[PDB]
Amino acid sequence: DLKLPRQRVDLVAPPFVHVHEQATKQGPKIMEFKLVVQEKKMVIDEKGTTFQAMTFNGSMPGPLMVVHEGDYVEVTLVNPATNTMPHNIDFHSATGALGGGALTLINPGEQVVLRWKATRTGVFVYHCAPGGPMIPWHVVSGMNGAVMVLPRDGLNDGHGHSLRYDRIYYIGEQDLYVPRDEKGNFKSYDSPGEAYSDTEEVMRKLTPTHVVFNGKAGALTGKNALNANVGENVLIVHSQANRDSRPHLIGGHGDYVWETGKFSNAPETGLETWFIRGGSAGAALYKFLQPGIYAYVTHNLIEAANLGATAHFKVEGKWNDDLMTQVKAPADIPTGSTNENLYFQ
Amino acid sequence: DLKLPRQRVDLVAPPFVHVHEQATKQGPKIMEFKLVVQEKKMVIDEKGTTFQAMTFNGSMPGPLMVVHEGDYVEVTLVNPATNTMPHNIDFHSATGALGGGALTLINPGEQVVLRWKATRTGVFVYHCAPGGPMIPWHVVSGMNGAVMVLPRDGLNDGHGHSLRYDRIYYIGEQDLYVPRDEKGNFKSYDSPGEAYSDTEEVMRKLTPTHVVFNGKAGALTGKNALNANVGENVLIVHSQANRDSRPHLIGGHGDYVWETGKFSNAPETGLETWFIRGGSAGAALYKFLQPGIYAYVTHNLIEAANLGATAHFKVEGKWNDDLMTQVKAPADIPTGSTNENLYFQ
Amino acid sequence: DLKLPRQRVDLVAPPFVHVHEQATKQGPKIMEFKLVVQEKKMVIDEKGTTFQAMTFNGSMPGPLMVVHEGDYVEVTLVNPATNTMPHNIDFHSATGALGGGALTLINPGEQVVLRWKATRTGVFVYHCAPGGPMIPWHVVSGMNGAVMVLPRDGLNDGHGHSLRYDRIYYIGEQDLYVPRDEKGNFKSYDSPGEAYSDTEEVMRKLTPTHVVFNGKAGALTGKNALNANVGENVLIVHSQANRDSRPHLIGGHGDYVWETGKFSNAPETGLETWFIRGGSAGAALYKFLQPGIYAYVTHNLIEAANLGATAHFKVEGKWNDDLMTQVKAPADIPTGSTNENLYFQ
Ligand SMILES: OC[C@H]1O[C@@](CO)(O[C@H]2O[C@H](CO)[C@@H](O)[C@H](O)[C@H]2O)[C@@H](O)[C@@H]1O
Ligand SMILES: OC[C@H]1O[C@@](CO)(O[C@H]2O[C@H](CO)[C@@H](O)[C@H](O)[C@H]2O)[C@@H](O)[C@@H]1O
Ligand SMILES: OC[C@H]1O[C@@](CO)(O[C@H]2O[C@H](CO)[C@@H](O)[C@H](O)[C@H]2O)[C@@H](O)[C@@H]1O
Ligand SMILES: OC[C@H]1O[C@@](CO)(O[C@H]2O[C@H](CO)[C@@H](O)[C@H](O)[C@H]2O)[C@@H](O)[C@@H]1O
Ligand SMILES: OC[C@H]1O[C@@](CO)(O[C@H]2O[C@H](CO)[C@@H](O)[C@H](O)[C@H]2O)[C@@H](O)[C@@H]1O
Ligand SMILES: OC[C@H]1O[C@@](CO)(O[C@H]2O[C@H](CO)[C@@H](O)[C@H](O)[C@H]2O)[C@@H](O)[C@@H]1O
Ligand SMILES: O=N[O-]
Ligand SMILES: O=N[O-]
Ligand SMILES: O=N[O-]
Ligand SMILES: [Cu+2]
Ligand SMILES: [Cu+2]
Ligand SMILES: [Cu+2]
Ligand SMILES: [Cu+2]
Ligand SMILES: [Cu+2]
Ligand SMILES: [Cu+2]
């Protein structure tokens, strides 16, 4: 008796995002999505450490879903019989039944269909939440993604001006809790159930062993750097389902930032570093002004450099010497400025 | 020579709140409160772990005090002779003398009377702060609560519209640092002074053993779930005197959120998760739209599920299938969608 | 071919700030600064613990630089041949080349000259970032400071009213990771290179051993308390290059707070406690209303009291009994209020 047109969406693997309109003249639709749970061993760092991951659609994070305010979102959640555990889904975008968790619990060999109305604009976390201690364990094993609910007129600056992005990337940040043996080496297991007891002990001390973007250390560096061009406005959606993060674009800014992630609120302008509260998604727009490599980090630099939480942008274009220039390349310290140099000595 | 009418307030135990007006036509009053310090052993988790608590009025958190802008707050602080330590009180709502700490130090067998003018609107932490290392130790032993200073016209949305709550709950979140023996079992002591040295060692590593609402794991679940009804606007005041928190209402939202807690600032709209900075109180309004169980957590889900930080709301009313429905209950995965399902495989 | 007037600035050691105008009728200038790297052993706590620090200009934090929107900032970075490591500088205020890091790498015996345009208003972190794991290690060894880019019309309240400070202080907060031996005693080293391996192990567990203002526990207490007078509007700039903080002025407030630190955004009013995201600077204005000692802390009170993170203000002036008074000094609890006292018993 919901009498609206239906539109299948084909999801794509992060950090990319399925095709969508920003501003739309379409009316409300039933937007149809499918998520398939996959339990699998995955490589999470550059030394080849593995862990028993649980995922939506085989990725950490799960894929970004994009709809408009007033759409209905009809999600088929599938739990293949090759899986070992029950799973469900909780949309922070949705109203009632623990975000849908209380209507989507499925055993291996089952699927369920949930519909929720997109009444709240912004970027939102979705995650598995089967009950009790299994809630944090499924989330920190990788069962979390995000959904974006755009206003039908697209983004604005909170002051009556339209904002349009040229490109969008979804950065899902994952805190991982990998057990170690007595010598400090990471431990391997043959199933998620076998890893559980040792993993819960690490989780209880609230200190991750790894903090990664797109599921592994180095996943968005080198060959898999994020592309952009000088002049492009880029939307960077950042989610963290369990733990705080402080995003920073090294050599850039957040031109417009919704750090609490909700487009009914005006964005902040010109941030250096923003804050994604654990259990949320946020978003930053930036118009690139300079070519070159840009690191995108959480600005706990220990987590960024030593636990896995660095992505790169490779930006093509021409250098602007008015914004920044090397006036003098590295040279020998004269003599002759010794007394000057002071001085604190 | 302060020539105003006096009004006694009788405090009640959290999560409930003493009777008060939102909007008032009363002028400034001297609002009279009494807090009695109680040192006592308390049960803090579902396994019956005890710890040597220090409290205002026998509860963690201490009770919520409610006054209006321009009121004077006259607090009698009592330290019974059955107590073993000195105590005092610091109101983050108050101006001068370290929030009142420097005027309220009392030994067992003494009481003191402090008056502060409510010049700043919002929700604010109060806590004990006797000096030096005793400041964190008294606070993380449970000596903290909150005070709400309402505007005389009540709450508003920052855009000229009145906001009224039907119900108010005060959620005090407490980080606890319980010593363990060599086998990992929690240790018991005969007095707070005996527990101190071992507790300070845990405190120094900044990782709590427990994170609890209303003083213990499970304190606001089951029989003591928070009641509401569909259509009610509920104000949820959240305080944390020592450590950050990220509140989330599972299956709901924050319709209007003052996460820094101060009603001179417009609230944010439609949040999924908000952020209570350690040493502050914040507040969220929500109008319930769906019946059923709602979990209220800090969205570090490890802390929520495994260290004690989950409350429940039980909401009566009729389900709205337009907002959310189970389109198809759990069923067998057909065959026939195998190739479809993809695909990431 | 940049055809503007040049103005040398002489930096001063924090928490003080070089002379500058708030509002200015000067046009854009090339503002010339010099920073000299100094590696040196420094005392970081009241027990005389030492560590192998790395600094800009011999201080933690490095000094505050102040310029106006549209100025060009020309920084000579010097790495004396007595140093052992390469260094560079990344301005979060600057656009391109990793904030300048990619144009300023210098070996001992070298200097480099970088120019960046001050296109973004606010307070911003600067820090060393030589590459890879050396980025967090140089930052948490003390190589970080801040730059303030004022609007040419000075500060405003976001609602068309000018804000002017009488005094400015720069509080740089530093998380330190000092290795311990098997007995728990802090370890000493003859060089930063010798300290590195043991320090990286502490860094990896994300729990600092010390959290200090102006480079050491007690650095802004006693003789070095910050001075003010009743009626003065004081700007308190707070930076943290690697880790979150939650500033609080005990017995005061933040009258106007830019916790994300960027003056294109209206400040929040009347905060109790604010939040400096790791990798950022923020700023709070406060007009002192009461004389006496004020503690300024991070409101993790364990970090404030037990790990080093307390500063003091000593404020001269006359006490205002309307704002706060001790109605009755500590006295014997009567008898006769026993039944009253209740009650929770
Ligand atoms: O009381 C609401 C509670 O029930 C759930 C089932 O988990 O949703 C249902 O609500 C009613 C059952 O008592 C029915 O009217 C409805 O058919 C059903 O979806 C939860 O969503 C909610 O928490
Ligand atoms: O971190 C403890 C200790 O363990 C060792 C191996 O015994 O390294 C492990 O931990 C390192 C830090 O996480 C990893 O780099 C490595 O993959 C892992 O085996 C030691 O090298 C280290 O001292
Ligand atoms: O200098 C203010 C300082 O004193 C206190 C006492 O702890 O308040 C007092 O201030 C004056 C004492 O020098 C008196 O005028 C007043 O009677 C008294 O309350 C503190 O509140 C403050 O930090
Ligand atoms: O956590 C360490 C280790 O200690 C034991 C008892 O030896 O359990 C203790 O710690 C648990 C986690 O906090 C608690 O659930 C329990 O109350 C406590 O005794 C072991 O069971 C555990 O492996
Ligand atoms: O592609 C930009 C990249 O180069 C740097 C050098 O580290 O800046 C340079 O940019 C160009 C070199 O390809 C030149 O036009 C320019 O002379 C030079 O400064 C970085 O700043 C940037 O990341
Ligand atoms: O904290 C561990 C343990 O080590 C000792 C010395 O063995 O103290 C060290 O650690 C203390 C806390 O950081 C410091 O106060 C002191 O400078 C340091 O030597 C013990 O006293 C303590 O139990
Ligand atoms: O400038 N960021 O590390
Ligand atoms: O949806 N919260 O765990
Ligand atoms: O009131 N601050 O600890
Ligand atoms: Cu799951
Ligand atoms: Cu959630
Ligand atoms: Cu006390
Ligand atoms: Cu306080
Ligand atoms: Cu360096
Ligand atoms: Cu940086």
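So, residue B:165, is that one closer than 24 Å to residue B:11 by Cβ, surrounded by fewer than 21 Cβ atoms within 10 Å (Cβ to Cβ) and hydroxyl-bearing (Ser, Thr, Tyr) or not? Yes: the conditions hold for residue B:165. On inspection, residue C:120 qualifies as within 7 Å of chain A (Cβ to nearest Cβ) and under 16 Å from residue C:262 (Cβ atoms).
Taken over segment C:4-43, the criterion of being surrounded by fewer than 16 Cβ atoms within 10 Å (Cβ to Cβ) and of a type in the set (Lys, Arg) is satisfied by C:6, C:8, C:25, C:40, C:41. Criterion applied to C:32, C:46 was being more than 14 Å from chain A (Cβ to nearest Cβ) and either touching a strand residue (DSSP E or B) at 6+ places or on another chain (Cβ under 7 Å) or more than 16 Å from ligand 14 (Cβ to nearest atom) (or both), and the one residue passing it is C:46.
Restricting the search to strands (runs of 3 or more DSSP E) fully inside segment A:183-256 and requiring at least 2 residues that are in contact with a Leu (Cβ under 8 Å, 6 or more places away or on another chain) gives A:210-213, A:233-240.
If you take the residues of segment C:280-294 that are among the aliphatic types (A, V, I, L, M) and either surrounded by fewer than 24 Cβ atoms within 10 Å (Cβ to Cβ) or not assigned by CATH to the domain that holds residue C:207 (or both), which of them is farthest from ligand 7 (Cβ to nearest atom)?
This residue is C:289.
A search for C-beta distances below 6 Å between a residue of segment C:129-142 that is outside any helix (DSSP H, G or I) and any residue that is among the polar types (S, T, N, Q) and surrounded by fewer than 24 Cβ atoms within 10 Å (Cβ to Cβ), counting only pairs 6+ apart in sequence or on different chains, returns C:133/A:306. The set of residues in segment A:68-89 being within 7 Å of chain B (Cβ to nearest Cβ) and closer than 27 Å to residue A:282 by Cα consists of A:74 alone. Does residue C:95 count as surrounded by fewer than 23 Cβ atoms within 10 Å (Cβ to Cβ), facing another protein chain (nearest Cβ under 10 Å) and among the polar types (S, T, N, Q)? The answer is yes for residue C:95.
Step by step: first the residues of segment A:121-139, then only those that are among the aliphatic types (A, V, I, L, M) and buried (at least 24 other Cβ atoms within 10 Å of the Cβ), then the one that is farthest from residue A:54 (Cα to Cα). Which residue is that? The selected residue is A:123.
Within segment A:241-268, track down each residue that is within 16 Å of ligand 8 (Cβ to nearest atom) and under 12 Å from residue A:283 (Cα atoms). The answer is A:260, A:261, A:262. Filtered by the rule that a residue be assigned to a strand (DSSP E or B) and either within 16 Å of ligand 13 (Cβ to nearest atom) or of a type in the set (A, V, I, L, M, F, W, C) (or both), segment B:291-305 gives B:293, B:295, B:297. Taking segment C:194-224 as the range and being closer than 18 Å to residue C:297 by Cβ and surrounded by fewer than 16 Cβ atoms within 10 Å (Cβ to Cβ) as the test, the residues that pass are C:222, C:224. Only one entry in B:330, B:291, B:334 is within 16 Å of ligand 10 (Cβ to nearest atom) and facing another protein chain (nearest Cβ under 9 Å), namely B:330.
Every condition in (1) surrounded by fewer than 22 Cβ atoms within 10 Å (Cβ to Cβ); (2) assigned to a loop (DSSP other than H, G, I, E, B) holds for residue C:76 except the one numbered (2).
Considering every residue within segment A:250-265, establish whether at least one is of a type in the set (D, E, K, R) and within 14 Å of chain B (Cβ to nearest Cβ).
For segment A:250-265, residues of a type in the set (D, E, K, R) and within 14 Å of chain B (Cβ to nearest Cβ): present.
Of the conditions (1) out of contact with any helix residue (DSSP H, G or I) (no Cβ under 9 Å at 6 or more places or on another chain); (2) within 16 Å of ligand 9 (Cβ to nearest atom); (3) not aliphatic (A, V, I, L, M), residue B:314 fails just one. Which one is it? Condition not satisfied by residue B:314: (2). In this structure, does residue A:320 turn out to be surrounded by fewer than 24 Cβ atoms within 10 Å (Cβ to Cβ) and either more than 14 Å from chain B (Cβ to nearest Cβ) or within 18 Å of the chain's Cα centre (by Cα) (or both)? Yes, satisfied. Under 17 Å from residue C:46 (Cα atoms), β-branched (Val, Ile, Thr) and touching a strand residue (DSSP E or B) at 6+ places or on another chain (Cβ under 6 Å): is that true of residue C:147 in this structure? It is false that residue C:147 is under 17 Å from residue C:46 (Cα atoms), β-branched (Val, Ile, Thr) and touching a strand residue (DSSP E or B) at 6+ places or on another chain (Cβ under 6 Å). Just one of the listed residues (B:58, B:100) is facing chain C (nearest Cβ under 8 Å) and crowded, with 23+ Cβ neighbours inside 10 Å, namely B:100. You will find that of B:66, B:113, B:73, the residue that is in contact with a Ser or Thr (Cβ under 9 Å, 6 or more places away or on another chain) and closer than 26 Å to residue B:213 by Cβ is B:73 and no other. With the structure loaded, tell me whether residue A:299 is assigned by CATH to the domain that holds residue A:171 and crowded, with 22+ Cβ neighbours inside 10 Å or whether it fails that test. Taking the combined requirement at face value, the residue satisfies it.
Residues in segment B:69-117 that are touching a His at 6+ places or on another chain (Cβ under 7 Å) and among the aliphatic types (A, V, I, L, M): B:106 only.
The sole residue among B:154, B:145, B:160 that is under 30 Å from residue B:31 (Cβ atoms) and either hydroxyl-bearing (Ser, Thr, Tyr) or within 16 Å of ligand 12 (Cβ to nearest atom) (or both) is B:145.
The number of residues in segment B:257-287 that are closer than 23 Å to residue B:160 by Cα and either within 16 Å of ligand 6 (Cβ to nearest atom) or not in a strand (DSSP E or B) (or both) comes to 9.
The values are calculated or read from the model by the stated rules, or taken from the named source; no laboratory instrument gave them. Neighbour counts are summed over all protein chains in view; Cβ atoms, including those assigned to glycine, are modelled from backbone coordinates with ideal geometry.
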